[PDB]
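With PDB, C-alpha atoms inside, this is structure_39.pdb:
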ATOM      1  CA  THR A   1     -87.696  37.246 168.034  1.00  0.00           C
ATOM      2  CA  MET A   2     -86.521  35.817 164.687  1.00  0.00           C
ATOM      3  CA  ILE A   3     -88.590  36.477 161.542  1.00  0.00           C
ATOM      4  CA  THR A   4     -88.284  34.849 158.095  1.00  0.00           C
ATOM      5  CA  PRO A   5     -90.150  36.646 155.304  1.00  0.00           C
ATOM      6  CA  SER A   6     -89.534  36.160 151.554  1.00  0.00           C
ATOM      7  CA  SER A   7     -86.559  37.717 149.721  1.00  0.00           C
ATOM      8  CA  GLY A   8     -87.579  40.235 147.031  1.00  0.00           C
ATOM      9  CA  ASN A   9     -90.090  42.975 147.869  1.00  0.00           C
ATOM     10  CA  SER A  10     -89.377  42.377 151.575  1.00  0.00           C
ATOM     11  CA  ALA A  11     -86.083  44.278 151.268  1.00  0.00           C
ATOM     12  CA  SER A  12     -87.541  46.398 148.429  1.00  0.00           C
ATOM     13  CA  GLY A  13     -88.046  44.673 145.057  1.00  0.00           C
ATOM     14  CA  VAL A  14     -90.750  46.733 143.306  1.00  0.00           C
ATOM     15  CA  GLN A  15     -90.479  47.868 139.685  1.00  0.00           C
ATOM     16  CA  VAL A  16     -93.257  50.398 138.703  1.00  0.00           C
ATOM     17  CA  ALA A  17     -96.457  49.034 137.223  1.00  0.00           C
ATOM     18  CA  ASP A  18     -95.677  50.843 133.950  1.00  0.00           C
ATOM     19  CA  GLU A  19     -99.007  52.613 134.403  1.00  0.00           C
ATOM     20  CA  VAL A  20     -96.852  54.624 136.811  1.00  0.00           C
ATOM     21  CA  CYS A  21     -94.610  55.516 133.984  1.00  0.00           C
ATOM     22  CA  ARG A  22     -97.955  57.054 132.907  1.00  0.00           C
ATOM     23  CA  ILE A  23     -98.862  58.394 136.320  1.00  0.00           C
ATOM     24  CA  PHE A  24     -96.001  60.874 136.231  1.00  0.00           C
ATOM     25  CA  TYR A  25     -96.708  61.185 132.500  1.00  0.00           C
ATOM     26  CA  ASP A  26    -100.094  62.592 133.468  1.00  0.00           C
ATOM     27  CA  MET A  27    -100.922  64.919 136.377  1.00  0.00           C
ATOM     28  CA  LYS A  28     -98.796  67.411 134.370  1.00  0.00           C
ATOM     29  CA  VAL A  29    -100.539  70.567 133.072  1.00  0.00           C
ATOM     30  CA  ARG A  30    -102.441  71.298 129.800  1.00  0.00           C
ATOM     31  CA  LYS A  31    -101.124  67.982 128.441  1.00  0.00           C
ATOM     32  CA  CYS A  32    -104.783  66.937 128.828  1.00  0.00           C
ATOM     33  CA  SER A  33    -105.677  66.015 125.212  1.00  0.00           C
ATOM     34  CA  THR A  34    -108.834  67.732 126.090  1.00  0.00           C
ATOM     35  CA  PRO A  35    -109.245  67.996 129.861  1.00  0.00           C
ATOM     36  CA  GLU A  36    -113.024  67.480 129.559  1.00  0.00           C
ATOM     37  CA  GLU A  37    -112.300  63.746 129.309  1.00  0.00           C
ATOM     38  CA  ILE A  38    -108.859  63.869 130.733  1.00  0.00           C
ATOM     39  CA  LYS A  39    -110.677  64.815 133.893  1.00  0.00           C
ATOM     40  CA  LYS A  40    -111.926  61.260 133.793  1.00  0.00           C
ATOM     41  CA  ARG A  41    -108.688  59.815 132.384  1.00  0.00           C
ATOM     42  CA  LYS A  42    -106.820  59.182 135.640  1.00  0.00           C
ATOM     43  CA  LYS A  43    -104.505  62.171 136.243  1.00  0.00           C
ATOM     44  CA  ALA A  44    -104.112  62.009 140.044  1.00  0.00           C
ATOM     45  CA  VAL A  45    -103.373  58.754 141.832  1.00  0.00           C
ATOM     46  CA  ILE A  46    -101.968  56.732 144.671  1.00  0.00           C
ATOM     47  CA  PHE A  47    -100.124  53.479 144.087  1.00  0.00           C
ATOM     48  CA  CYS A  48     -98.525  50.682 146.136  1.00  0.00           C
ATOM     49  CA  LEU A  49     -96.972  47.432 144.752  1.00  0.00           C
ATOM     50  CA  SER A  50     -98.654  44.400 143.101  1.00  0.00           C
ATOM     51  CA  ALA A  51    -100.567  41.152 143.632  1.00  0.00           C
ATOM     52  CA  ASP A  52     -97.423  39.613 145.127  1.00  0.00           C
ATOM     53  CA  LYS A  53     -96.347  43.220 145.856  1.00  0.00           C
ATOM     54  CA  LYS A  54     -93.772  44.775 143.578  1.00  0.00           C
ATOM     55  CA  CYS A  55     -94.275  47.412 140.787  1.00  0.00           C
ATOM     56  CA  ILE A  56     -95.504  50.707 142.118  1.00  0.00           C
ATOM     57  CA  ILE A  57     -99.190  49.753 141.793  1.00  0.00           C
ATOM     58  CA  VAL A  58    -102.798  50.570 142.280  1.00  0.00           C
ATOM     59  CA  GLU A  59    -103.399  48.247 145.256  1.00  0.00           C
ATOM     60  CA  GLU A  60    -106.970  49.317 145.348  1.00  0.00           C
ATOM     61  CA  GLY A  61    -109.226  52.110 144.085  1.00  0.00           C
ATOM     62  CA  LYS A  62    -107.413  55.286 145.166  1.00  0.00           C
ATOM     63  CA  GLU A  63    -106.723  57.874 142.456  1.00  0.00           C
ATOM     64  CA  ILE A  64    -108.123  61.324 141.896  1.00  0.00           C
ATOM     65  CA  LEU A  65    -108.217  62.475 138.318  1.00  0.00           C
ATOM     66  CA  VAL A  66    -108.703  66.249 138.291  1.00  0.00           C
ATOM     67  CA  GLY A  67    -112.230  65.737 136.875  1.00  0.00           C
ATOM     68  CA  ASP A  68    -113.640  64.437 140.163  1.00  0.00           C
ATOM     69  CA  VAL A  69    -112.230  67.640 141.689  1.00  0.00           C
ATOM     70  CA  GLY A  70    -115.627  69.351 141.999  1.00  0.00           C
ATOM     71  CA  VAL A  71    -117.747  66.265 142.767  1.00  0.00           C
ATOM     72  CA  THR A  72    -116.752  64.377 145.888  1.00  0.00           C
ATOM     73  CA  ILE A  73    -113.906  66.920 145.839  1.00  0.00           C
ATOM     74  CA  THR A  74    -113.486  70.567 144.772  1.00  0.00           C
ATOM     75  CA  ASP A  75    -109.898  71.230 143.559  1.00  0.00           C
ATOM     76  CA  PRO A  76    -107.936  70.871 146.857  1.00  0.00           C
ATOM     77  CA  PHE A  77    -106.444  67.406 147.435  1.00  0.00           C
ATOM     78  CA  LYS A  78    -106.975  66.262 151.083  1.00  0.00           C
ATOM     79  CA  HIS A  79    -109.874  64.270 149.674  1.00  0.00           C
ATOM     80  CA  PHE A  80    -107.244  62.304 147.799  1.00  0.00           C
ATOM     81  CA  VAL A  81    -105.426  61.905 151.130  1.00  0.00           C
ATOM     82  CA  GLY A  82    -108.690  60.360 152.206  1.00  0.00           C
ATOM     83  CA  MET A  83    -108.320  57.969 149.261  1.00  0.00           C
ATOM     84  CA  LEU A  84    -105.189  56.744 150.956  1.00  0.00           C
ATOM     85  CA  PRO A  85    -105.929  55.775 154.558  1.00  0.00           C
ATOM     86  CA  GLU A  86    -102.843  54.285 156.246  1.00  0.00           C
ATOM     87  CA  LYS A  87    -102.947  50.480 155.971  1.00  0.00           C
ATOM     88  CA  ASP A  88    -102.233  50.183 152.203  1.00  0.00           C
ATOM     89  CA  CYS A  89    -100.463  52.453 149.605  1.00  0.00           C
ATOM     90  CA  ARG A  90     -97.533  54.917 149.551  1.00  0.00           C
ATOM     91  CA  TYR A  91     -96.564  56.512 146.154  1.00  0.00           C
ATOM     92  CA  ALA A  92     -99.108  58.925 144.664  1.00  0.00           C
ATOM     93  CA  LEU A  93     -99.095  61.521 141.898  1.00  0.00           C
ATOM     94  CA  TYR A  94    -102.097  63.798 142.083  1.00  0.00           C
ATOM     95  CA  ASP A  95    -102.614  66.447 139.395  1.00  0.00           C
ATOM     96  CA  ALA A  96    -101.928  69.502 141.587  1.00  0.00           C
ATOM     97  CA  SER A  97    -104.067  72.389 140.313  1.00  0.00           C
ATOM     98  CA  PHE A  98    -102.699  75.338 142.286  1.00  0.00           C
ATOM     99  CA  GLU A  99    -101.728  78.909 141.449  1.00  0.00           C
ATOM    100  CA  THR A 100     -98.394  80.229 142.561  1.00  0.00           C
ATOM    101  CA  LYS A 101     -96.406  83.463 142.244  1.00  0.00           C
ATOM    102  CA  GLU A 102     -96.317  81.922 138.754  1.00  0.00           C
ATOM    103  CA  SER A 103    -100.136  81.408 138.892  1.00  0.00           C
ATOM    104  CA  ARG A 104    -102.472  78.470 138.247  1.00  0.00           C
ATOM    105  CA  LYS A 105    -100.155  76.261 136.259  1.00  0.00           C
ATOM    106  CA  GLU A 106    -100.848  72.822 137.725  1.00  0.00           C
ATOM    107  CA  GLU A 107     -97.828  70.913 139.054  1.00  0.00           C
ATOM    108  CA  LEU A 108     -98.564  67.448 140.478  1.00  0.00           C
ATOM    109  CA  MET A 109     -96.528  66.121 143.362  1.00  0.00           C
ATOM    110  CA  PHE A 110     -94.996  62.824 144.425  1.00  0.00           C
ATOM    111  CA  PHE A 111     -96.646  61.361 147.518  1.00  0.00           C
ATOM    112  CA  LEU A 112     -94.706  58.846 149.632  1.00  0.00           C
ATOM    113  CA  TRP A 113     -97.881  58.248 151.609  1.00  0.00           C
ATOM    114  CA  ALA A 114     -96.061  56.342 154.385  1.00  0.00           C
ATOM    115  CA  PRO A 115     -98.424  55.845 157.294  1.00  0.00           C
ATOM    116  CA  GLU A 116     -96.818  54.830 160.580  1.00  0.00           C
ATOM    117  CA  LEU A 117     -99.184  51.820 160.476  1.00  0.00           C
ATOM    118  CA  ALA A 118     -98.942  50.621 156.835  1.00  0.00           C
ATOM    119  CA  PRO A 119     -97.521  47.182 156.287  1.00  0.00           C
ATOM    120  CA  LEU A 120     -93.724  46.803 156.403  1.00  0.00           C
ATOM    121  CA  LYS A 121     -93.633  45.855 152.704  1.00  0.00           C
ATOM    122  CA  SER A 122     -94.811  49.437 152.065  1.00  0.00           C
ATOM    123  CA  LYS A 123     -91.972  50.983 154.086  1.00  0.00           C
ATOM    124  CA  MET A 124     -88.894  48.798 153.636  1.00  0.00           C
ATOM    125  CA  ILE A 125     -89.846  48.628 150.032  1.00  0.00           C
ATOM    126  CA  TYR A 126     -90.547  52.190 149.170  1.00  0.00           C
ATOM    127  CA  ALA A 127     -87.160  52.805 150.668  1.00  0.00           C
ATOM    128  CA  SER A 128     -85.805  51.522 147.354  1.00  0.00           C
ATOM    129  CA  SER A 129     -89.051  51.937 145.391  1.00  0.00           C
ATOM    130  CA  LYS A 130     -88.276  55.625 145.182  1.00  0.00           C
ATOM    131  CA  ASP A 131     -85.765  54.985 142.501  1.00  0.00           C
ATOM    132  CA  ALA A 132     -87.932  52.653 140.498  1.00  0.00           C
ATOM    133  CA  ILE A 133     -90.863  55.057 140.481  1.00  0.00           C
ATOM    134  CA  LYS A 134     -88.174  57.695 140.078  1.00  0.00           C
ATOM    135  CA  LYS A 135     -86.952  56.015 136.875  1.00  0.00           C
ATOM    136  CA  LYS A 136     -90.475  56.771 135.644  1.00  0.00           C
ATOM    137  CA  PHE A 137     -90.976  59.947 137.701  1.00  0.00           C
ATOM    138  CA  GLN A 138     -88.509  61.673 135.410  1.00  0.00           C
ATOM    139  CA  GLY A 139     -90.136  64.848 136.762  1.00  0.00           C
ATOM    140  CA  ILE A 140     -91.946  64.329 140.068  1.00  0.00           C
ATOM    141  CA  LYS A 141     -92.544  68.037 140.512  1.00  0.00           C
ATOM    142  CA  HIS A 142     -92.752  67.426 144.239  1.00  0.00           C
ATOM    143  CA  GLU A 143     -91.255  64.509 146.119  1.00  0.00           C
ATOM    144  CA  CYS A 144     -93.465  64.853 149.197  1.00  0.00           C
ATOM    145  CA  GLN A 145     -93.613  62.142 151.893  1.00  0.00           C
ATOM    146  CA  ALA A 146     -96.427  61.906 154.479  1.00  0.00           C
ATOM    147  CA  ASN A 147     -96.408  59.667 157.557  1.00  0.00           C
ATOM    148  CA  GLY A 148     -99.681  61.163 158.491  1.00  0.00           C
ATOM    149  CA  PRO A 149    -102.357  62.257 156.084  1.00  0.00           C
ATOM    150  CA  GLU A 150    -101.432  65.766 157.351  1.00  0.00           C
ATOM    151  CA  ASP A 151     -97.951  65.867 155.760  1.00  0.00           C
ATOM    152  CA  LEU A 152    -100.052  65.828 152.599  1.00  0.00           C
ATOM    153  CA  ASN A 153    -102.059  68.685 154.045  1.00  0.00           C
ATOM    154  CA  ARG A 154    -102.582  71.156 151.208  1.00  0.00           C
ATOM    155  CA  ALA A 155    -101.550  73.889 153.653  1.00  0.00           C
ATOM    156  CA  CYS A 156     -98.333  71.926 153.947  1.00  0.00           C
ATOM    157  CA  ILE A 157     -98.321  71.355 150.286  1.00  0.00           C
ATOM    158  CA  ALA A 158     -98.840  75.082 150.450  1.00  0.00           C
ATOM    159  CA  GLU A 159     -95.466  75.062 152.127  1.00  0.00           C
ATOM    160  CA  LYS A 160     -93.733  72.624 149.833  1.00  0.00           C
ATOM    161  CA  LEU A 161     -95.079  75.064 147.232  1.00  0.00           C
ATOM    162  CA  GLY A 162     -96.411  77.764 149.584  1.00  0.00           C
ATOM    163  CA  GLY A 163     -93.234  77.591 151.594  1.00  0.00           C
ATOM    164  CA  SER A 164     -91.420  79.473 148.839  1.00  0.00           C
ATOM    165  CA  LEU A 165     -93.440  81.337 146.192  1.00  0.00           C
ATOM    166  CA  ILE A 166     -96.900  80.258 145.056  1.00  0.00           C
ATOM    167  CA  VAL A 167    -100.233  82.137 145.426  1.00  0.00           C
ATOM    168  CA  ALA A 168    -102.890  79.483 146.122  1.00  0.00           C
ATOM    169  CA  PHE A 169    -102.825  76.497 148.459  1.00  0.00           C
ATOM    170  CA  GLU A 170    -100.783  78.901 150.515  1.00  0.00           C
ATOM    171  CA  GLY A 171    -102.678  81.966 149.228  1.00  0.00           C
ATOM    172  CA  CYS A 172    -106.257  81.782 147.760  1.00  0.00           C
ATOM    173  CA  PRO A 173    -107.620  78.389 148.880  1.00  0.00           C
ATOM    174  CA  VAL A 174    -105.136  78.043 151.771  1.00  0.00           C
TER     175      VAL A 174
END
Encoded form using structure tokens:
Amino acid sequence: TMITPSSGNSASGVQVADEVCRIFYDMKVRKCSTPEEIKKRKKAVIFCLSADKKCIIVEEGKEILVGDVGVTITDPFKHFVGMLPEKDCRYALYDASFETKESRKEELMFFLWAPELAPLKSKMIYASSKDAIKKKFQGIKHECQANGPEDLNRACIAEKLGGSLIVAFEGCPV
């Protein structure tokens, strides 16, 4: 049982796509220049690695953007969990629009979408990728891992937020 993979992203060698330095940058709050376009400006997202697999990346077409919220979605987020299945992607910042004891003040959250089936490169890698993304996730708001699309569960996000003092996710919507 001897394997022999490459030597870079196999033991974790990613480096944020740079657009990730914008992922955290977005999904913030009223930062939306004007949220009527911001809604369609990419403000929620999942990411993974690269063509050869590296930089936190958009390995496909995941990504919510707050604007969709109300089309194929409606403000929660599990739809976004649906964006990420299990065989491909792990770090995701989704503009979290949720009230709290503080009230609706939007606070996105880091998503280590780590499915028990994803490829190794998106497990052994993220192990050290959460440091690279971190160097760009200056403020993650919510490092939240999920090895099941349920750890993302808004009710559970209503625990990561609704497990202390919010008002929605754990209160109004869930």
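Put simply, CA of residue 132 (chain A) is 7.1 Å away from CA of residue 14 (chain A).
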Exercise. Grab the CA of residue 167 (chain A) to CA of residue 21 (chain A) distance for me, in Å with one decimal place.
Key: 29.5 Å
Quiz item: Restricting the calculation to all atoms listed in the file, which member of A:151, A:104, A:99, A:145 is positioned closest to residue 171 (chain A)?
Solution: A:99
Hits of the PyMOL selection byres ((chain A and resi 130) around 12) in this structure, as a CSV table (one decimal) with C-alpha atoms, in the frame of the given file:
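So the final result, stored in out_28.csv, reads:
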chain,number,residue,atom,x,y,z
A,12,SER,CA,-87.5,46.4,148.4
A,13,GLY,CA,-88.0,44.7,145.1
A,14,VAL,CA,-90.8,46.7,143.3
A,15,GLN,CA,-90.5,47.9,139.7
A,16,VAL,CA,-93.3,50.4,138.7
A,48,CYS,CA,-98.5,50.7,146.1
A,49,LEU,CA,-97.0,47.4,144.8
A,55,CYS,CA,-94.3,47.4,140.8
A,56,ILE,CA,-95.5,50.7,142.1
A,90,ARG,CA,-97.5,54.9,149.6
A,91,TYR,CA,-96.6,56.5,146.2
A,92,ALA,CA,-99.1,58.9,144.7
A,110,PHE,CA,-95.0,62.8,144.4
A,111,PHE,CA,-96.6,61.4,147.5
A,112,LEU,CA,-94.7,58.8,149.6
A,113,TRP,CA,-97.9,58.2,151.6
A,122,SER,CA,-94.8,49.4,152.1
A,123,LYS,CA,-92.0,51.0,154.1
A,124,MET,CA,-88.9,48.8,153.6
A,125,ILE,CA,-89.8,48.6,150.0
A,126,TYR,CA,-90.5,52.2,149.2
A,127,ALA,CA,-87.2,52.8,150.7
A,128,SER,CA,-85.8,51.5,147.4
A,129,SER,CA,-89.1,51.9,145.4
A,131,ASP,CA,-85.8,55.0,142.5
A,132,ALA,CA,-87.9,52.7,140.5
A,133,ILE,CA,-90.9,55.1,140.5
A,134,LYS,CA,-88.2,57.7,140.1
A,135,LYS,CA,-87.0,56.0,136.9
A,136,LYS,CA,-90.5,56.8,135.6
A,137,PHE,CA,-91.0,59.9,137.7
A,138,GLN,CA,-88.5,61.7,135.4
A,140,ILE,CA,-91.9,64.3,140.1
A,143,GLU,CA,-91.3,64.5,146.1
A,144,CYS,CA,-93.5,64.9,149.2
A,145,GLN,CA,-93.6,62.1,151.9
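When all atoms listed in the file are used to measure the gap to residue 65 (chain A), the shortest distance among A:150, A:19, A:26, A:52 belongs to A:26.
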Quiz item: Distance CA of residue 84 (chain A)-CA of residue 101 (chain A), one decimal place?
Solution: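 Separation of CA of residue 84 (chain A) and CA of residue 101 (chain A): 29.4 Å.
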Quiz prompt | A:121, A:17, A:173, A:139 ranked by distance to residue 155 (chain A), top pick (using only C-alpha atoms) | solution = A:173
Dump of region 54-73 of chain A from preceding block, N, CA, C and O atoms, as an mmCIF file, in the first residue's frame:
data_model
loop_
_atom_site.group_PDB
_atom_site.id
_atom_site.type_symbol
_atom_site.label_atom_id
_atom_site.label_comp_id
_atom_site.auth_asym_id
_atom_site.auth_seq_id
_atom_site.Cartn_x
_atom_site.Cartn_y
_atom_site.Cartn_z
ATOM 1 N N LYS A 54 -4.201 24.752 -6.040
ATOM 2 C CA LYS A 54 -3.346 25.568 -5.180
ATOM 3 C C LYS A 54 -4.230 26.701 -4.619
ATOM 4 O O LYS A 54 -5.230 26.441 -3.995
ATOM 5 N N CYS A 55 -3.888 27.936 -4.878
ATOM 6 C CA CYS A 55 -4.701 29.112 -4.409
ATOM 7 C C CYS A 55 -6.098 28.731 -3.965
ATOM 8 O O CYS A 55 -6.784 28.015 -4.644
ATOM 9 N N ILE A 56 -6.589 29.295 -2.912
ATOM 10 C CA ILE A 56 -7.998 29.036 -2.603
ATOM 11 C C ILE A 56 -8.665 29.434 -3.923
ATOM 12 O O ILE A 56 -8.241 30.380 -4.547
ATOM 13 N N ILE A 57 -9.567 28.677 -4.444
ATOM 14 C CA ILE A 57 -10.053 29.020 -5.825
ATOM 15 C C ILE A 57 -11.534 28.856 -6.052
ATOM 16 O O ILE A 57 -12.262 28.391 -5.251
ATOM 17 N N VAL A 58 -11.953 29.145 -7.226
ATOM 18 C CA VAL A 58 -13.354 28.869 -7.556
ATOM 19 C C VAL A 58 -13.251 27.665 -8.486
ATOM 20 O O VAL A 58 -13.098 27.809 -9.683
ATOM 21 N N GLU A 59 -13.249 26.477 -7.940
ATOM 22 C CA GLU A 59 -13.058 25.268 -8.803
ATOM 23 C C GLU A 59 -14.273 24.981 -9.629
ATOM 24 O O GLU A 59 -14.372 23.937 -10.243
ATOM 25 N N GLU A 60 -15.209 25.865 -9.660
ATOM 26 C CA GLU A 60 -16.396 25.576 -10.435
ATOM 27 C C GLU A 60 -17.309 26.801 -10.455
ATOM 28 O O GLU A 60 -16.861 27.918 -10.619
ATOM 29 N N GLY A 61 -18.576 26.605 -10.308
ATOM 30 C CA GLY A 61 -19.516 27.754 -10.338
ATOM 31 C C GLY A 61 -20.323 27.826 -9.039
ATOM 32 O O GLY A 61 -21.524 28.003 -9.064
ATOM 33 N N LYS A 62 -19.681 27.738 -7.904
ATOM 34 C CA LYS A 62 -20.425 27.856 -6.635
ATOM 35 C C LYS A 62 -20.801 29.327 -6.503
ATOM 36 O O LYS A 62 -21.122 29.981 -7.472
ATOM 37 N N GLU A 63 -20.666 29.848 -5.326
ATOM 38 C CA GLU A 63 -20.885 31.302 -5.077
ATOM 39 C C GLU A 63 -22.329 31.779 -5.039
ATOM 40 O O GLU A 63 -23.044 31.775 -6.020
ATOM 41 N N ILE A 64 -22.668 32.363 -3.919
ATOM 42 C CA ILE A 64 -23.953 33.050 -3.767
ATOM 43 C C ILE A 64 -23.533 34.498 -3.843
ATOM 44 O O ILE A 64 -22.360 34.787 -3.736
ATOM 45 N N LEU A 65 -24.398 35.421 -3.961
ATOM 46 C CA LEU A 65 -23.884 36.805 -3.956
ATOM 47 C C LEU A 65 -24.861 37.735 -3.291
ATOM 48 O O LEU A 65 -24.861 38.912 -3.575
ATOM 49 N N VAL A 66 -25.662 37.254 -2.364
ATOM 50 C CA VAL A 66 -26.605 38.164 -1.670
ATOM 51 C C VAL A 66 -27.749 38.607 -2.604
ATOM 52 O O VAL A 66 -28.889 38.667 -2.201
ATOM 53 N N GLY A 67 -27.470 38.916 -3.839
ATOM 54 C CA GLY A 67 -28.556 39.325 -4.762
ATOM 55 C C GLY A 67 -29.402 38.102 -5.079
ATOM 56 O O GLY A 67 -30.610 38.129 -4.950
ATOM 57 N N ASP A 68 -28.782 37.017 -5.472
ATOM 58 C CA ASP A 68 -29.576 35.796 -5.760
ATOM 59 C C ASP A 68 -30.547 35.614 -4.608
ATOM 60 O O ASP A 68 -31.731 35.484 -4.809
ATOM 61 N N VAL A 69 -30.039 35.633 -3.398
ATOM 62 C CA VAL A 69 -30.907 35.493 -2.194
ATOM 63 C C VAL A 69 -32.275 36.120 -2.480
ATOM 64 O O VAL A 69 -32.470 37.314 -2.366
ATOM 65 N N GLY A 70 -33.210 35.312 -2.879
ATOM 66 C CA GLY A 70 -34.571 35.822 -3.209
ATOM 67 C C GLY A 70 -34.956 35.364 -4.621
ATOM 68 O O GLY A 70 -36.001 35.705 -5.139
ATOM 69 N N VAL A 71 -34.119 34.567 -5.222
ATOM 70 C CA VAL A 71 -34.390 34.024 -6.577
ATOM 71 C C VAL A 71 -34.406 32.511 -6.417
ATOM 72 O O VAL A 71 -35.387 31.931 -5.995
ATOM 73 N N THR A 72 -33.293 31.877 -6.655
ATOM 74 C CA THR A 72 -33.219 30.433 -6.412
ATOM 75 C C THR A 72 -33.054 30.282 -4.901
ATOM 76 O O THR A 72 -33.078 29.195 -4.358
ATOM 77 N N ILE A 73 -32.876 31.398 -4.217
ATOM 78 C CA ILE A 73 -32.694 31.363 -2.747
ATOM 79 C C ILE A 73 -33.685 32.332 -2.100
ATOM 80 O O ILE A 73 -34.647 32.746 -2.717
#
